[PDB]
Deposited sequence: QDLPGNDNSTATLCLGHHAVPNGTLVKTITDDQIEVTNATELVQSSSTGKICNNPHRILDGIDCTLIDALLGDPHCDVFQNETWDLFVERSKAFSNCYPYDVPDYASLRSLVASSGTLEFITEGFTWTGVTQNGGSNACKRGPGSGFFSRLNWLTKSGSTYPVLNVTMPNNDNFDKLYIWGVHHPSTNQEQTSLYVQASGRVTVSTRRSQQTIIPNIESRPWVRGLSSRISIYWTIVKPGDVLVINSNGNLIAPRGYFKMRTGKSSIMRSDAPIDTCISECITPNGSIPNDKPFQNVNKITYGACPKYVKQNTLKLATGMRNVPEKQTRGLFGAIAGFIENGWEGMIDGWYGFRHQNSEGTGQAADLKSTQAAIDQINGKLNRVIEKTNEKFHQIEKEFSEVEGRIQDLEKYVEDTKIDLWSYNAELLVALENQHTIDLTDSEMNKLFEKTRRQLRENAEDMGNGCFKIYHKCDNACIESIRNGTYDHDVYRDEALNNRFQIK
């Protein structure tokens, strides 16, 4: 009928708009606080700094290497990252490289196109052949770095040109062999019925016999040129023998070992600062994973198939609504200091305070979770990369499918490890809440009783000082026992 008794309710933190996280028991649990681990967003544009980026607007790396006329701006050009656009084309004598990707990767790894000419002596043979496929400027022309040798008078002799190497770096020589389409064309240019081109250093030799066939029409020609490369090391010599069909080099390309590479993309370039480059823009390397693209350049996160991986750093987020009760029905949106709290209602009035001994016990465990996830996924990443490298024996020709299943197995383990910690986080947070309800029940003993809604009903008058005695670990029930039992049993 009056202020004879008081109420002490237990509750926890709660917010209206929580975050959904994955666990093992549930597919999605709304928690109070979490963080995103994948970088699915991107500015869209590529950042010009800190790496030296080179936009090959219309010219591929090979075309700029060889000397396609519209690529002549790229001479001696250097780069940290060469980018190739989709629009890039070739407009020069039709050709083909047997090891295109191998040569493209070799020259890309060296961040330079530094070419120096050399004084080859092609005696008895006319130099600087030309084609109207590459008109160069007003007149006919050819590749910049290639010397097309054609017969002189009515004689094309056997050329044996030697060229030693007396430098500390490695030289890269690019040359070619011309494949005419008729025997008439072969005789007119080279006199001989059948040619040869031989290039060697030391043990290595390459010997190519030209093939007279009619190829698919390109730029008014059914003839083609095959491009080969040859590396000479310090102290080595380059010897070139040919009785015909020789597309000679002008010099060599000085290649340096470096951290350069190449990637195909159409993303625009902008003035910004980004460490990690992806074909669809630049992304910040602050998150552990990224969904933006598979191929990247620079210090980048790991690639992940799914566009979301959230690590729970809170507790079960149950909200409030409509219409006092504790944690059985709804959390407390008003309690913001800590994840476990007390509320009460006594003669003095309603009050509230957080329990930091249990909140700290949860925080101290959640503290090193993100770092723990990063250490484990990194080990599993380089594990899945170390193994899964062999692939049950390999065939270069048809491995397109292996990366598609590497990403799946890696994404499965990563999403599983995040779900392992989220389960552990939900477990330990709910544990500290139930342990608090046990500590208070034990403390009150027969002086109160569980009301069923996460609260107690203290059957004696318990002022704010008495309530703080319950929150503190110092509450003697024996002194209030006689008073509370009098009210009980009545």
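Residues of the deposited sequence missing from the coordinate set occupy positions 1-5, 329-334, 502-503.
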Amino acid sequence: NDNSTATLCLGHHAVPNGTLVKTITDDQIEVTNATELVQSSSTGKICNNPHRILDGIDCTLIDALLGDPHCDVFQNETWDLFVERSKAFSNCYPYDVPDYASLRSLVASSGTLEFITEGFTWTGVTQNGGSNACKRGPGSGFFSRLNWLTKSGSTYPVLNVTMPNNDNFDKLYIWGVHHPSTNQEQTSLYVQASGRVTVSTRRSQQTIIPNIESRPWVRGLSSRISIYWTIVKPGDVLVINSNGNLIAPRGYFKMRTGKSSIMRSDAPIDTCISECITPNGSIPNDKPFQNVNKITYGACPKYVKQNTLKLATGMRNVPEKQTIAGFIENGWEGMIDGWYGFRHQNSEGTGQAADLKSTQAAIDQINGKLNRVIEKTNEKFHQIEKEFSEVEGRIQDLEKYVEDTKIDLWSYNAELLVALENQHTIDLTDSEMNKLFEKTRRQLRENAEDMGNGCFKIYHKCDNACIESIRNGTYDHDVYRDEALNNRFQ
From here on, numbers count along this sequence of modelled residues.
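Looking at mean Cα B-factors across 214-222 and 348-356, the upper value is held by 348-356. Of the two segments, 196-204 and 89-97, the one listed with the higher mean B-factor is 196-204 (C-alpha atoms only). Within the selection 114, 337, 72, 236, the deposited Cα B-factor values reach their highest point at 236. Highest CA B-factor among 394, 179, 151, 136, as stated in the entry: 394. For residue 60, the recorded CA temperature factor ranks within the lowest third of the chain's modelled residues. Sorting the modelled residues of the chain by their CA temperature factor places residue 369 in the lowest third. Ranked by Cα temperature factor within the chain, residue 54 sits in the lowest third according to the deposited record. Residue 401 sits in the highest third of its chain by CA B factor, as recorded in the PDB entry. In the PDB entry, a CA B factor belonging to the highest third of its chain's modelled residues is recorded for residue 301.
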